[PDB]
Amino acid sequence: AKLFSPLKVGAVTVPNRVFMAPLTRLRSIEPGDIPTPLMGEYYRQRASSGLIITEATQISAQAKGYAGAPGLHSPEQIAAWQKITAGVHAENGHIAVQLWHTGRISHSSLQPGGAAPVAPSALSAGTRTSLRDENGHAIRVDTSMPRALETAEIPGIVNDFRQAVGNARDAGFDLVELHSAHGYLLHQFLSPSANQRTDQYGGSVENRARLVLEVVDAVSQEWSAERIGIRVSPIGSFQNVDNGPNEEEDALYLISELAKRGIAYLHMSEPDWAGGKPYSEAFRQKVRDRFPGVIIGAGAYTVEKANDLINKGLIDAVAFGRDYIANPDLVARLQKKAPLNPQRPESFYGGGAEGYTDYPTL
């Protein structure tokens, strides 16, 4: 029953702890990377969630690495998001925008001027991203070799997160979630496998965490620390980005730095979903010891797991991913122990209403 009780999340009080994890769906309008009324209906259908966390959204045009992913850096984008947030709030829902810079998980055809994408170091991501073929359908393509950011360019990255959070506030969102996970730009700097820099942003864990903490500080001053959430994936390997040979201690360092800044929540994307070893309770307790604020757990969660960890005080809420794709009233289904619709993975990425707004309620 506690999974269905209210929770204060920074400045915002949500009615339950069944959260919608951020899910890239690649249905935005190109050119311009504009959210659509169809996306608004998708999110409106899921506003019984205690907190919707949007698909990852570009902080700038440079941030783009997927065709079809939305932006929050242009007046067109802001206007369209404003209708989405209004739609969710008119269902008495709550909504946070996940903000990313994709870094080296990108393609030069998606970048301003067709230039190479940026990263902490000029090292191939060794993975693929999603473009659109001439008929508008998602296709997987090798990422482009990135250019290493100059030291003097790091403030511009911070400044672009800062402005994007300003726009998130103007656009009506309740919170923002910094995307510091899954091998995108912030995680690239955190990871010794993607970051081989020789300036103050590479090497030691203090140098590697510096950018993400500069971002947290800037966006907290732009809006408020109690409006800032962050998603991390600091244990295991994700999209070919690992967390180095001291991953547990390094993770606990970052978590303690985040706690010092009073942020609204810590959202941990666990490896049990991808194919790694799941968090031990001893690790979870070390996290909790360092982070007394809201912790969101994610990745292959049962209701059993959710109750267990919530009743134990180790997490405060759970973000459901694929089950939210297929079940707009997931909250009701979980309370009533009803069954779930089956997922149609062939329509997760790209397309239109089918596999998106056409999953039914009880």
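Counting begins at 1, following the sequence as shown.
Chemist: Look up the CA B-factors in the entry and say which stretch, 158-166 or 191-199, has the higher mean.
Modeler: That would be 191-199.
Chemist: Given the B-factors recorded for C-alpha atoms, which segment has the greater mean, 275-283 or 78-86?
Modeler: According to the entry, 275-283 carries the higher average C-alpha B-factor.
Chemist: From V294, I29, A306, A63, which pick has the Cα B-factor that tops the rest in the entry?
Modeler: Of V294, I29, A306, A63, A306 has the highest C-alpha B-factor.
Chemist: So where's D33 on the chain's Cα temperature factor ranking, which third?
Modeler: Its C-alpha B-factor, which the entry lists for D33, ranks in the middle third among residues of this chain.
Chemist: State the tercile, meaning the lowest, middle or highest third, of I139 with respect to the CA B-factors recorded for its chain.
Modeler: Highest third - that is where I139 ends up once the chain's C-alpha B-factors are sorted.
Chemist: By the record's CA B-factor, is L186 among the lowest, middle or highest third of residues in the chain?
Modeler: Lowest third.
Chemist: Test of reading the entry: by CA B factor among the chain's modelled residues, which third contains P146?
Modeler: Within its chain, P146 is a lowest-third residue by C-alpha B-factor, going by the deposited values.
Chemist: Which third of the chain holds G50 when residues are ordered by C-alpha B factor: lowest, middle or highest?
Modeler: It belongs to the middle third of the chain when residues are ordered by C-alpha B-factor.
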